[PDB]
Amino acid sequence: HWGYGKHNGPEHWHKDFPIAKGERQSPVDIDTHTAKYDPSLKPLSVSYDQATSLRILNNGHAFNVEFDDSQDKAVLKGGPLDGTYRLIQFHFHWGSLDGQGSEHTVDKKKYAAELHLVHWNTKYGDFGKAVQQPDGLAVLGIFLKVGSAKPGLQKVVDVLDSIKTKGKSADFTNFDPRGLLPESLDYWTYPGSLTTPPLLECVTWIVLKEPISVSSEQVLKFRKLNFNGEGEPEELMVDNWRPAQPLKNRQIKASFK
Ligand SMILES: [Zn+2]
């Protein structure tokens with residue numbers, strides 16, 4: 001099955017998922033000088049006050065914090081988006097070392113990790129229908145750098161011991177994703193894809209300019225997770241990022257001057 005090792009990692013994915021070589025793949029390098037300021041772009045509207053987290057899952061490639069997406073409770077709108085996108089889950093990608101881990105890069109800079117808040121367009125009714133549409137998802141990407149601790153991340157860090165291995169889940173109610181946001185909602189946006197199989201070209205990417213800071217101790221706990229299932233040979237869950245893909249015929253737009 002696909003993964004992040006030398007025999008099943010990103011350079012192999014195209015054999016099972018030929019869209020891996022498609023025209024709108026993610027992530028990409030954000031060349032800050034080439035991104036065009038678009039005064040038509042609206043402020044992002046992030047409405048997470050009624051978010052209902054339910055559960056955290058180690059799925060063997062990352063961990064997902066899952067939300068109740070059966071009502072407009074945690075929604076993204078505005079920015080580059082038409083209509084309303086409901087939060088279904090967030091997860092991270094991270095490195096073995098602080099010098100790598102992000103999927104998007106900024107002028108070729110790699111951050112220690114990247115948070116993806118995944119939302120689906122309510123006009124398609126369910127996530128599975130949304131991923132079949134070119135405007136089906138909006139993923140809000142937030143870079144992580146190592147420095148000060150992020151207090152709002154610690155509840156996530158502290159439950160990871162209970163989901164060490166693939167297939168483990170834990171109740172994870174009352175988690176407020178507002179505690180993972182930076183101060184500024186300035187962003188870049190472009191049309192792209194899921195960054196894991198099935199690599200569907202269904203995402204409007206919204207990447208925040210301002211990173212969040214997390215502590216060395218917080219990211220070190222991400223790196224204690226396992227890709228393997230319980231009672232299998234230990235394979236640390238590190239370097240679960242896809243590198244930058246060709247931009248092809250795309251424009252990256254900036255919300256800010
Ligand atoms: Zn992701």
Side-chain angles (χ1 to χ4, degrees), residues 2-5 8-10 13 17 19-20 22 24-30 44 46 48 53 55-67 69 74 76 79 85-96 100-106 110-121 127-128 130-131 136-145 150 153 156-157 160 163 166 172 175 177 180-182 187-208 211-212 214 218-219 222-223 225 227 237-245 252:
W2 70 268
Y4 298 95
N8 66 359
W13 293 353
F17 303 95
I19 200 172
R24 60 170 278 189
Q25 290 290 292
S26 293
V28 298
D29 183 56
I30 301 166
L44 197 60
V46 184
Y48 289 170
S53 68
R55 193 176 74 141
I56 191 173
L57 173 70
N58 179 334
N59 64 15
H61 43 101
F63 63 83
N64 292 352
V65 173
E66 298 166 351
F67 287 80
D69 67 347
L76 187 64
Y85 291 70
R86 279 208 193 146
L87 179 65
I88 179 167
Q89 53 104 332
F90 70 75
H91 61 274
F92 303 79
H93 306 262
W94 63 90
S96 52
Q100 62 192 35
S102 68
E103 297 208 304
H104 296 88
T105 56
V106 178
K110 296 174 165 75
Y111 288 88
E114 186 174 331
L115 166 60
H116 290 162
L117 295 129
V118 181
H119 313 74
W120 57 269
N121 192 330
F127 178 84
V131 297
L137 301 188
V139 183
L140 180 58
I142 305 180
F143 295 120
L144 281 62
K145 66 179 180 181
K150 191 68 164 187
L153 182 61
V156 172
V157 165
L160 298 182
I163 58 151
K166 177 174 192 303
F172 200 68
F175 180 75
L180 298 178
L181 304 177
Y187 63 88
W188 298 283
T189 183
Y190 75 95
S193 75
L194 304 180
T195 70
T196 55
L199 300 172
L200 295 170
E201 291 181 335
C202 63
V203 181
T204 302
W205 277 96
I206 300 168
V207 178
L208 297 190
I212 62 166
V214 303
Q218 289 179 319
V219 69
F222 286 16
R223 299 183 185 131
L225 288 165
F227 287 130
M237 183 179 282
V238 295
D239 294 319
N240 59 351
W241 51 276
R242 189 189 193 190
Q245 301 301 306
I252 306 182

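We use all heavy atoms of the structure for the numbers below, so side chains are in, but hydrogens, waters and symmetry mates are not. Nothing fancy with the numbering, it's 1 onward along the sequence. One-based numbering, in listed order, for ligands and for the atoms of each.
- With ring centers used as reference points, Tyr190 lies under 6.0 Å from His104.
- Here the CD-NZ distance, from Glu103 to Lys110, works out to 12.0 Å after rounding to the nearest 0.5 Å.
- Under the 30°/60° scheme for interplanar angles, the aromatic rings of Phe90 and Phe67 are found to be tilted.
- Taking every heavy atom of both residues into account, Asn8 and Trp13 meet most closely at O-NE1, 3.1 Å.
- Looking only at its N/O/S atoms, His93 has NE2 as the one nearest to the Zn ion (ligand 1).
- Looking only at its N/O/S atoms, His91 has NE2 as the one nearest to the Zn ion (ligand 1).
- If you look at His116 and ask which of its N, O or S atoms sits nearest the Zn ion (ligand 1), the answer is ND1.
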